[PDB]
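Undergrad:
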Amino acid sequence: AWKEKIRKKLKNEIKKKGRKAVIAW
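By this note's numbering, the letter at position 10 of the sequence shown is numbered 10, and the numbering carries on one by one without gaps.
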């Protein structure tokens, strides 16, 4: 999916890391 459209980290960390664009900034 996408971390479930985003949410498999749990939150997906909220999204990744938050998109990891929130880490990938």
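The C-beta atom is built at its ideal place from N, Cα and C for all residues, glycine as well.
(1) What distance in whole Å lies between the Cβ atoms of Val22 and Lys11, which are believed to be in contact at a cut-off of 8 Å?
(2) Alpha carbon to alpha carbon, how far is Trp2 from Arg19? Give it in angstroms, no decimals.
(3) Considering only residues of the same chain and omitting the five flanking positions on each side of residue 31, which have a CB-CB separation below 6 Å?
(4) Whose C-beta lies closer than 8 Å to the C-beta of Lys9 among residues of the same chain, with five residues either side of it excluded?
TA: The structure says:
(1) The Cβ separation is near 12 Å, so there is no contact.
(2) 11 Å
(3) Past the boundaries of the shown model lies residue 31; the chain is included only from 1 to 25, so the question cannot be answered.
(4) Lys3, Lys16
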